[PDB]
Each structure stands twice: as structure tokens, then as C-alpha cells.
Amino acid sequence: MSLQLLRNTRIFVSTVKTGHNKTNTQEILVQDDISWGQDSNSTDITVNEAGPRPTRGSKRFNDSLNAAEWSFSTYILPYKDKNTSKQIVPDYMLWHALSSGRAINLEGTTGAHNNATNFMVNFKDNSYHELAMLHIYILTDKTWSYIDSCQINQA
Amino acid sequence: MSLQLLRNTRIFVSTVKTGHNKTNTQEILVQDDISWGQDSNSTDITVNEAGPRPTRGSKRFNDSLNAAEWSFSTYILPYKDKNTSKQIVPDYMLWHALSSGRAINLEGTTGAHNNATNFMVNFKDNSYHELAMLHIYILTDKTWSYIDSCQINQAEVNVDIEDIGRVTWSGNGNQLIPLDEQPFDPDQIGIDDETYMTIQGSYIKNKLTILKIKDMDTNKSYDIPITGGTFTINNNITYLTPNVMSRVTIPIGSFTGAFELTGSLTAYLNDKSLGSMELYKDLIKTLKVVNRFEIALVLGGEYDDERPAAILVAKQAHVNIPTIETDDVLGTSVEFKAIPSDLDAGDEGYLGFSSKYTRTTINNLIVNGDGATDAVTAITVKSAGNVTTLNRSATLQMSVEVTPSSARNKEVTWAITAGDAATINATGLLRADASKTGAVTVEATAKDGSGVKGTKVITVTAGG
């Protein structure tokens, strides 16, 4: 018995559906304009006669579900973390899933990779039919939910 | 011919239109700031053309009737009636209408209801689309006039030093109606001189204003002298009217909006511990979106002898970040708004009006909810046989005593805070074992939330 407010939403970005730790999931600081959902398709079958006393009745069938839509806005907030002493943006896995389709490796030289000087994102390794795969976890007040196998469409 | 005068106008509040008796009508202690009247909406039609002969024409039409406006202020003078010997404010159905929409019932537990000790008004049953329906009767000299189906929009309570305790009511009615015939004789319904003496026996002076402020995340009660305050209860009532072109229309019922209990308290900055400055700096230091505070404003002061006082109890309030106001001597203002435990759980707050308050009475009203039910004040944990220590691997069922002996809730919890060499259960059986050579403590706090503390340092030793 409770109502859920949008202001209490918290968003976590994950690459795994189990074994969640600090290297696979981090919170993403979102704003008011956050939105998510999933629409469904249907169809009406109607009989179209021409004579007197025609049949006037319809019928609906659920036929398919559309892809889930999500969107949110975040501040560009570069900083250096104390653990690794390398400049990193908090929503770095979002940048990686946008940039390349390989497993995340900040030590490398393609996609989202950081350094002791700056955090860098290059698109030299995005030749993939399925980029790095995320799972957006949504926490509104008390109830949980998530979108399965997301992909970063744009930024 | 005969001119009607304002000073001779008397107000009567009713719950029914016919068969008015003493239990449905009363004379209200209104002041000289009364005002009422119903206005109307009108439409003007103009014509704009470009021809050689312009049509400078204007046609007016009446469209609808707006809500009837009424507003008056009354003195806060709680008292006990001789018939029931229970403390009741003279204008009790006004508080009932402000509180909940059920039938008036002083013997219940929701809405405006009295008791042998004090009159308490909760808003626990306020979750209605339409509150209790009244009928404001206005007798100016001899001509009668009443406002149909009034509902209390807000109650303006002003709490300022140099100002006597008063409350201002403002609401709306479906349609003000003038009457030629007397609905009921005012003399026997109007209060007699004896109950006027009884009412004037109790005055509430706002000069004696003491505030109880306490955060529920730190339990840092403050000592704040009040310079002046104001808290109001708002129903956000809007009347719904139909839109018909052919004929005029009148409002039809209403839907109470969002319940708002806001208040503003002005107080001088103090450098003393638990003062205004400490509260301000704590609030401006711990910038948190949500606040949870015990605010208990006590109009009229507190005394050992029975004294008239007015009480507001906001259990879980929201304190807005104060803005220190510059003046001759620094006096800050704090704004609060009581939020509920859950949006539809009620319990926004409750009030206390009575001429007979002892500090214990107001204390148990604040903590337990009623001025009649007693609450624990001090607790000393009692060992099973005046025992002071314990040896390794020995059982000890803790007992406890509570005061006063007339407390309604006497059961306490059992917990261990300082030291890790023993355990305690729900009943209080403290148990030790081997490898327990350190001193440990035991705690006890009742579930009524008085803030009582039961402590005793038991010297748990290694044993023989």
C-alpha cells in the first residue's frame, strides 16, 4: 500500500544478470526527464458487409510487443578515482557500449579506455552487429525492475 | 427604514436545516471583522467590423454565480460544560468540519472529539471527497440570512506575543440565502450568561509560548524562545459549477483537494547550546531532502497548576531550511509543513484545547496522543534480586520498574549496546558463557517513545 514517486528513482547499469559487484554495476545519476517503458501492438478484425442488417462487430488480438524504450540525461562529470588514480567518467560503461562491441577493458586502446591524464572514447572498434550489451536496472522507491539486454542507441 | 448594524449581528452554526436544538446550533464568539457576500460572473459581447458604419455595441449577460464568501475570527477559549463535565471548545463543530466529514461524535476517536481531560482534534478520518456539511446562519438585528452547505476551507491560527490567542475561519457556501421568518429562537440557543462566565474563566494568552522541537534522526531537542508564529490548516476546497448558456447556474457540491498543515515560527538567534543558531547551523550543514522532526508548539505556556493552553502536535514534520532574517536583533524564521507517515495514512497532526493542563498532561498528550492516558517518565532496570554483577555462564532474567504506576504502556524492550559478552532475549533473560571477562551494559526503552532510559552497568567478571 504505497504510491511511487519519480524523484526516488535510481538507475544502475550492468553487464551481468548475476554476480553484481562494483566493477559490473554502477549507479547513473539521472535527472527529471528520465523515462522508460514498453508498448504493445494489436489489431482489430472487422467484418465489412454491404447488405441490409449487416454485422457490426469487431475483435482485438494482441500480436506483438515493441522494443522497450528508455532515456535519461546525465551530467558530464569527469574525475579521478582514488582506487586506480585514472581519470574516469561515472557513466563509463555507457560510453563503452556506445563506442565498441567488445568486452570492456580500460587498460586497452579502443572504445572507452582511461589514463592517468584523461578518459578517452574512440570508435575504432565498433564494427559489430551487436555492441557491448548492458542491463539497465531501475529502482523506484521500493519495487525493482530492469530492462533485459539493452543497447545504447544514441547519445 | 430601520438600518441594520454590524455590531448587533450574531452567527449561528448548524448541521441541519430543520429542528434546530442545542446539540445542532450554537452562538459563535465572532469578532468585529466579519464579512460575507456572493458575487456573480458576467460576460460582455462586443462587435468589431470594418464597414463605413461601425457597430459600437456592447451586450452583457449573466453567466453564473461564484461561491459564497464568509470569514470570521473567534477567540480560543476552551472550557468544560456543566452537562458533560468534559472539556469542549465552544465552536466544536467548526473543528469537526475542519477535521473529518463523519457525523459529529465527541465520544469517538477520529475527528473533533473530547475527553474528561482535554479536547483533542485529529485528522485521521479526513480522507473524504466532502467534509462535514454546515449551515452558517447570520442574524443581523432581526432579518435572517444563512449560507447553504458551507464547508471550512482553512483555519488561520495566529500565535504572536502581545496578541491574544485567536483563530480565523474562512470558507465557502453554495448559495447565500436571506430569510424572513425565524428558523429558531436565538435566546435559548444562544449561550446564557453562566456559560459565558465559564468560558471567560479560561483565556489563552499567546505571550507564554514555548516550543518543543526535536529531530527524529538525532534526538537533539532545542530550547527556542518564540518571537511570533502562525500555523494554518488548509483543505484546498474547490466548488464545481455547471456551464449552461441559456440560464444561470449555482455551485453543486465540492471535492476537497490536498491536505496542507503549514506553519511559520519566528524566533531570535541564540548562541546558547541547543539554541536557534545551533539549529540553523545544523540544518544548513546537514542539507537533506527529507526532514523528520517532532514539533510541538504550546500556546499559553506550561505550568504545574492547571492553566489554559493550546497545543499543536506534528509527529513527522518537514522543516524547510531557515533563512536568517536581518533586523535590529537577529531573529530567524523557520517554515515547516507536517507530512504524514503515508499519504493516505492520516495522522498529520492533532491539537489540544483545555483550560486544565499540567506539564505531565501536555507531556503525555504529546507522546501518547491523549491528555488522559499516562506515559512512562523514568525507567530503572531492576536485576533479579538486587544483583550487581554476573559470572561466566550464568543466566540473569532482567526485570524493570516504570513510573508512573498508572502508565497505560508499561512493557519495554531489551537490548545490549556497550560490551560484547552477553545476550538478551525478548523476555530479558541475560545469558553469559565462557570467554566473557569484560564489562557489559543493558538497555531498556518503552515502545511509547517517551525517550525514557533504563541503564545499569553490570560488572560481568570471569567468575570464581
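What follows draws every value from the coordinates through simple rules; no lab data is involved. Using ideal geometry, Cβ is built from the backbone for each residue, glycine included, and neighbour counts are taken over all protein chains shown.
Straight-line reach only, C-alpha to C-alpha below 19 angstrom: list the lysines that B:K207 could link to, leaving out same-chain residues fewer than 8 apart.
Result set, ordered by chain and number: B:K356.
Once a ≥ b ≥ c are taken as the square roots of the eigenvalues of the Cα gyration tensor of region B:194-342, is the result rounded (a/c under 1.5), prolate (a/b larger than b/c) or oblate (a/b not larger than b/c)? All intermediate terms of the calculation are to be shown ahead of the outcome.
Details: a/c = 2.35, a/b = 1.42, b/c = 1.66.
Since a/c reaches 1.5 but b/c is at least a/b, the shape of region B:194-342 is classed as oblate.
With runs of 4+ DSSP H residues as the only contributors, calculate the mean residue ellipticity of chain B at 222 nm using -39,500 (n - 2.57) per run, divided by the residue total and rounded to the nearest 500. Walk me through the numbers on the way to the answer.
Values: 5 runs with 40 residues, N = 464.
Theoretical 222 nm ellipticity from helices: -2500 deg cm²/dmol.
How far is it, in nm, from the label point at B:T461 to the one at B:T168 when both lie 7 Å from their Cα along the line to the Cβ?
7.2 nm
What's the average, rounded to a whole number, of partner chain beta-carbon atoms within 10 Å of each residue's beta-carbon in B:337-350? Provide the component values of the computation, followed by the final result.
Working: counts 0, 0, 0, 0, 0, 3, 3, 3, 2, 0, 0, 0, 0, 0.
Rounded to a whole number, the mean comes out at 1.
Once you order the gyration tensor axes a ≥ b ≥ c over the Cα atoms, which shape class does region B:90-152 get: rounded for a/c under 1.5, otherwise prolate or oblate by comparing a/b with b/c? Intermediate results must be reported in sequence, preceding the final value.
On the way: a/c = 3.59, a/b = 1.65, b/c = 2.18.
It is oblate, given that a/c is not under 1.5 and a/b is not larger than b/c.
Under 19 Å from the Cα of B:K17, which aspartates and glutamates turn up, not counting those fewer than eight places away in the same chain?
B:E27, B:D91, B:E130, B:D148, B:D180, B:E181, B:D185, B:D187
Would you mind ranking A:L94, B:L299, A:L65 by Cβ crowding within 10 Å, fewest neighbours first?
On the way: A:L94 22, B:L299 25, A:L65 10.
Exposure proxy ranking, most exposed first: A:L65, A:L94, B:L299.
Amide H to amide H under 5 Å from A:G111: which residues, 5+ apart in sequence or cross-chain, H placed 1.01 Å off N in plane?
HN-HN under 5 Å from A:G111: A:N122, A:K124, A:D125.
Taking 7 Å along the Cα-to-C-beta vector as the label spot, tell me the A:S40-B:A439 distance in nanometres, rounded to one decimal.
It works out to 6.8 nm between the two label points.
Report the FRET efficiency, 1/(1 + (r/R0)^6), for A:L3 and B:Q4, where r is their Cβ-Cβ distance and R0 is 56 Å, rounded to 0.05. It would help to have the intermediate numbers written out before the result.
On the way: r = 52 Å, r/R0 = 0.92.
Taking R0 as 56 Å, the efficiency between A:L3 and B:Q4 is 0.60.
Taking θ = phi - 60°, what integer Hz values does the Karplus form 6.51 cos²θ - 1.76 cosθ + 1.60 yield along region B:72-80, in sequence order, with x for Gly and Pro?
Running phi through 6.51 cos²θ - 1.76 cosθ + 1.60 with θ = phi - 60° gives 8, 10, 10, 7, 7, 10, x, 6, 10 Hz.
Under a plain spin-label model, where a point goes 7 Å from the Cα along Cα-to-Cβ, how far apart in nm are B:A418 and B:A384?
Placing both labels 7 Å along Cα→Cβ, they lie 2.4 nm apart.
Over 23 Å between Cα atoms, which of A:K142/B:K214; B:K80/B:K410; B:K315/B:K453 qualify?
Numbers: A:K142/B:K214 28 Å; B:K80/B:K410 30 Å; B:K315/B:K453 21 Å.
Listed pairs above 23 Å: A:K142/B:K214; B:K80/B:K410.
What residues qualify as long-range amide H neighbours of B:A446, i.e. H under 5 Å apart, gap of 5 or more or another chain, H built at 1.01 Å from N?
Distant-sequence amide H within range of B:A446: B:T413, B:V452.
Once a ≥ b ≥ c are taken as the square roots of the eigenvalues of the Cα gyration tensor of the protein assembly as shown, is the result rounded (a/c under 1.5), prolate (a/b larger than b/c) or oblate (a/b not larger than b/c)? Provide the component values of the computation, followed by the final result.
Details: a/c = 2.16, a/b = 1.14, b/c = 1.89.
It comes out oblate by the Cα gyration axes.
In terms of modelled amide H atoms, which long-range or inter-chain residues lie less than 5 Å from the amide H of B:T262?
So B:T262 has HN proximity to B:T232, B:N234.
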